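In structure tokens, the next block holds one chain alone, the form deposited in one PDB entry.
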């Protein structure tokens, strides 16, 4: 009797944390699909959940004309003639309509318009991205869809022409202008303990069903609980699992960053990039490669900050999809997909469309009596499930004096 499985409301709550199920693609680098454009096969971001706080850190020279900001416009041919190597600018789609209307960034007020069906601001930007496709050379609508960033502060929706997310090595690219002959600067995905929390990155496919992310993706940190897996008749938090990575942290936010940046996070990036005959890297989109990985969202995406009995702040990282929780008011559970904050921001609350509940961890002492599992005689602990201040509690406690003879 895992209560988190036996209770269908608690079960459906825990499902939001399964990134392999809903997101289904890379998170650190998302390149989960393939689409041909003008006779060439390109990798395309495909994941269904927004990645909160994800930004691409660029490594352009530290001088004019370089902004080191992936939200800047992709450069014009002239701009690049003027700058020298490497390319200046950013990843932002710079196209104009025949009318001369700019496509990105696009303001949320203009979206909130009946061609846009999403009920939340973040969903409206995802839906905009989903309704925006590469046009081929000739000029026809293609199936390749650009990823987006919602800058939730400025309320602006960015369609990124550049769908590349990681490029490293003097093979392909320069770091702060060294070596100088290379066309591309290097870049990589980051989250920061302090910056760009108000930026949300996503594949266009978050917009295909633009309200689904609200209730199927783990958007927000989970305060007051530690991710766990049901074993031996009780909830074992990640600290009790053999394959967990445990690192010391100074702060809870560093743990949140580590769930995205650790070496085992779900990533669709190949270890060597494609064999071309170009001098170096020379495309706006990643090329299809026979041996490309598709993580399908599987990876060390999960973790929690907690304080050990020694008083040290630590971060437990796991690839194990959680199917239970251990309650701990000081703990916070994070994923590679969600935000640092545990509070639901305004811009994923229907602007109109009732808010979907998560009432699954609410309880009453009356209807939810103290319940004890059987003693795990290996650890000599047993599950205790109960209700305190209207919140479900789940911990491992001492076995009865009698059961201890069997440990």
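Positions refer to the first chain, counted from 1.
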- Message: Going by the PDB record, how many residues of the deposited sequence fall between residue 378 and residue 379 without any coordinates: none, 1 to 3, 4 to 9, or 10 or more?
- Response: none
- Message: Between residue 208 and residue 209, what class does the number of missing deposited residues fall in: none, 1 to 3, 4 to 9, or 10 or more?
- Response: none
- Query: With respect to the recorded C-alpha B factors, which stretch has the higher mean value, 189-197 or 290-298?
  - Reply: 290-298
- Residue range whose averaged C-alpha B-factor is higher in the record, 47-55 or 61-69: 61-69
- Note on the structure: The largest CA temperature factor among 77, 328, 243, 268 is found at 77
- Message: I'd like to know which of 123, 88, 98, 147 has the highest C-alpha temperature factor in the PDB entry.
- Response: 98
- Using the B-factors in the PDB entry, rank residue 216's C-alpha atom against the chain and give the third, lowest, middle or highest. middle
- Message: Taking only the Cα B-factors deposited for this chain, tell me whether residue 34 sits in the lowest, middle or highest third.
- Response: middle
- Position of residue 252 among the chain's modelled residues by C-alpha B-factor, lowest, middle or highest third: middle
- Query: Sorting the chain's CA B-factors, does residue 234 end up in the lowest, middle or highest third?
  - Reply: lowest
- Query: Which third of the chain does residue 349 land in by C-alpha B-factor: lowest, middle or highest?
  - Reply: highest
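Quick note: we don't show the form solved in complex with a partner chain, though the next part is all about it.
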- Whether 219, 255 and 332 all lie within 4.5 angstroms of the partner chain in the deposited complex by heavy atom: no
- Taking 4.5 angstroms as the cut-off for heavy atoms, does residue 116 touch the partner chain in the deposited complex? yes
- Task: Answer for residue 183 alone: is it within 4.5 Å of the partner chain in the deposited complex, judged on heavy atom distances?
- Result: yes
- Message: Just checking whether residue 82 would be counted as a contact of the partner chain in the deposited complex - the rule being heavy atoms within 4.5 angstroms.
- Response: no
- Might residue 51 be said to contact the partner chain in the deposited complex, defining contact as any heavy atom within 4.5 Å? no
- Note on the structure: Counting only non-hydrogen atoms, the one stretch of 318-326, 233-241, 131-139, 188-196 within 4.5 angstroms of the partner chain in the deposited complex is 131-139
- Item | Candidate from 70, 347, 42, 66 lying within 4.5 Å of the partner chain in the deposited complex - any heavy atom | 42
- Task: Would you kindly say which of 108, 214, 162, 265 lies with a heavy atom within 4.5 Å of the partner chain in the deposited complex?
- Result: 162
